[PDB]
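Here's the structure we're looking at; comments come further down.
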Amino acid sequence: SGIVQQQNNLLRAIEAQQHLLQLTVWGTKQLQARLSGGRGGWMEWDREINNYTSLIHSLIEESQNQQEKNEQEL
Amino acid sequence: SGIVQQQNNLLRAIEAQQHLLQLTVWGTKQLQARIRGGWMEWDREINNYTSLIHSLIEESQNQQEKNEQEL
Amino acid sequence: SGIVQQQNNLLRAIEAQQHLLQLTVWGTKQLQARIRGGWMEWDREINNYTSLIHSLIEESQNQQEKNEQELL
């Protein structure tokens, strides 16, 4: 199915962008150290990112499950 | 259908990833402001593609709704 | 169909998102190259996913086009 094949493509790109995104956050934090933010000034910022990250992994997780289920049924 | 349902998750991922990215964007500009390089142009690129993404996410929400109301 | 138009929407949302990512990587590079460095591996990691994402994107473009020409 070209439609089902496209979903897989979109999901994949999203997963790859998630790595890229996590690589960019890491890079940003390294800069933050050397530099200097305000001591704890970025705590909530960091917290918000972990919230989205966790949500994202969750969604990707459900999507991968839905992907296998759409490939057998549809 | 499982396709529309999944497309919803994909969209929420894109949206969550988008918000995540915007946080990265804010942080970087904070960093740059605490410091050459021609950053106003970069500023322009950010804004443009930020506009574009917002437009795309909004239109995806609209279609998602239309699809969930049709399938 | 509404489905194929949604994939067209999601694909572009991903394309646009890719630019912001590359731009944020860019700014990071300028700042990092201003302030050894465990970055050598960060750079290798970046290039890898960038190429993969551009590969996934164009692949999706090929698919998007094919699905639309058959009116799915």
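Quickly run through the range A:4-32 and pick out the residues that are farther than 24 Å from C:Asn47 by Cα and surrounded by fewer than 19 Cβ atoms within 10 Å (Cβ to Cβ).
Within the range A:4-32, A:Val4, A:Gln5 meet the criteria.
Kindly indicate whether B:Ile14 is more than 11 Å from the chain's Cα centre (by Cα), in a helix (DSSP H, G or I) and within 9 Å of chain A (Cβ to nearest Cβ).
In short, no.
State which residue pairs qualify: first residue under 10 Å from C:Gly27 (Cα atoms) and inside the range B:30-50, second residue of a type in the set (S, T, N, Q) and part of a helix (DSSP H, G or I) in any location, beta carbons under 6 Å apart, and separation of 6 or more residues or different chains.
B:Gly37/C:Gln30; B:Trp39/B:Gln32
Residues being surrounded by fewer than 16 Cβ atoms within 10 Å (Cβ to Cβ), within 9 Å of chain B (Cβ to nearest Cβ) and not polar (S, T, N, Q): count how many of those fall in the range A:34-60.
2
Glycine also receives a Cβ, built like all others from the backbone with ideal geometry; neighbour counts cover every protein chain displayed. Here, each number is a calculation from the coordinates, and none is a lab measurement.
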